[PDB]
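To keep things clear, I will list the structure first and then write my remarks on it.
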Amino acid sequence: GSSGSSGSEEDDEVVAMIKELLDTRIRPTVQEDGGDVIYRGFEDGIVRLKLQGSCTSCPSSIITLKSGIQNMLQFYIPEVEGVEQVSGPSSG
């Protein structure tokens, strides 16, 4: 709900992969916590994700799971390098 466009910019075997690991227990997992991770765009490894979570539920946990996840991706997919929050609050 914003523009409308079924299908991505020509999905590859690399993406199809990330997507999975993203669908596995990443996207359906975040929600459980508090946020919606949507991988939209992939460059320099940095997978463009539009996630958003308010409930920090302590940092340790975040740096434990939150960060832990970022690792999982790289671990499995040697392609990606980092993560980013595409589309977020930030003016100055």
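Naming scheme: A, B, ... for chains in displayed order of the structure tokens; residues 1 onward per chain; ligands 1 onward as shown.
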Skip segment 28-38 of chain A itself and residues of its chain fewer than 5 positions away, then list as a PyMOL selection string all residues within 12 Å of it, counting only C-alpha atoms.
chain A and resi 18-23+47-57+61-62+65-66+69-70+83-87
Let's have the selection written as an mmCIF file, in the first residue's frame, with C-alpha atoms.
```cif
data_model
loop_
_atom_site.group_PDB
_atom_site.id
_atom_site.type_symbol
_atom_site.label_atom_id
_atom_site.label_comp_id
_atom_site.auth_asym_id
_atom_site.auth_seq_id
_atom_site.Cartn_x
_atom_site.Cartn_y
_atom_site.Cartn_z
ATOM 1 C CA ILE A 18 17.873 -14.112 1.133
ATOM 2 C CA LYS A 19 14.123 -13.828 0.706
ATOM 3 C CA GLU A 20 13.760 -17.335 2.084
ATOM 4 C CA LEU A 21 15.973 -16.768 5.101
ATOM 5 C CA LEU A 22 13.958 -13.572 5.334
ATOM 6 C CA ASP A 23 10.686 -15.473 5.250
ATOM 7 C CA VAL A 47 20.249 -5.558 2.165
ATOM 8 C CA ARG A 48 17.748 -2.717 2.115
ATOM 9 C CA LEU A 49 15.161 -3.564 4.746
ATOM 10 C CA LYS A 50 12.283 -1.423 5.951
ATOM 11 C CA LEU A 51 11.995 -2.624 9.530
ATOM 12 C CA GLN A 52 10.768 -0.642 12.512
ATOM 13 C CA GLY A 53 10.650 -1.550 16.184
ATOM 14 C CA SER A 54 9.945 0.579 19.233
ATOM 15 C CA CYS A 55 10.079 -2.055 21.948
ATOM 16 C CA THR A 56 13.824 -2.208 22.476
ATOM 17 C CA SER A 57 13.277 -4.847 25.133
ATOM 18 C CA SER A 61 18.633 -8.764 23.928
ATOM 19 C CA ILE A 62 18.700 -6.605 20.820
ATOM 20 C CA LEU A 65 19.003 -11.282 18.828
ATOM 21 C CA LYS A 66 18.672 -8.180 16.685
ATOM 22 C CA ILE A 69 20.118 -12.044 13.185
ATOM 23 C CA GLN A 70 22.195 -9.739 11.019
ATOM 24 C CA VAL A 83 21.638 -4.212 7.028
ATOM 25 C CA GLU A 84 19.833 -0.891 6.842
ATOM 26 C CA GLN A 85 16.459 0.590 7.708
ATOM 27 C CA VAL A 86 15.111 1.837 4.399
ATOM 28 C CA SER A 87 12.385 4.441 4.738
#
```
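Residues in contact with residue 8 of chain A at 10 Å, where only C-alpha atoms are counted and same-chain residues fewer than 6 positions away are skipped, are listed as residues 15, 40 and 41 of chain A.
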Given the selection you just returned, output its residues as a file containing C-alpha atoms, formatted as an mmCIF file, in the first residue's frame.
```cif
data_model
loop_
_atom_site.group_PDB
_atom_site.id
_atom_site.type_symbol
_atom_site.label_atom_id
_atom_site.label_comp_id
_atom_site.auth_asym_id
_atom_site.auth_seq_id
_atom_site.Cartn_x
_atom_site.Cartn_y
_atom_site.Cartn_z
ATOM 1 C CA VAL A 15 17.793 -12.805 -3.718
ATOM 2 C CA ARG A 40 13.571 -3.994 -0.672
ATOM 3 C CA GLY A 41 16.825 -3.517 -2.547
#
```
Selection near residue 46 of chain A, 6 Å with only C-alpha atoms, sequence-local residues under 6 positions removed, as a count of residues only:
4
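When DSSP reads the backbone of this structure, the residues of segment 11-82 of chain A it assigns to strand (DSSP E) are residues 39, 40, 41, 42, 43, 46, 47, 48 and 49 of chain A.
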Determine which residues of chain A DSSP labels as alpha helix (DSSP H) from the backbone of this structure, then write them out as JSON, numbers by chain.
{"A": [13, 14, 15, 16, 17, 18, 19, 20, 21, 22, 23, 24, 27, 28, 29, 30, 31, 32, 33, 59, 60, 61, 67, 68, 69, 70, 71, 72, 73, 74, 75, 76]}
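Among A:78, A:92, A:60, A:6, the residue with the shortest atom-to-atom distance to residue 44 of chain A, counting only C-alpha atoms, is A:78.
Take atom CA of residue 25 of chain A and atom CA of residue 43 of chain A: the distance between them is 22.4 Å.
You will find atom CA of residue 59 of chain A at 20.0 Å from atom CA of residue 73 of chain A.
Interatomic distance, atom CA of residue 88 of chain A against atom CA of residue 13 of chain A: 28.3 Å.
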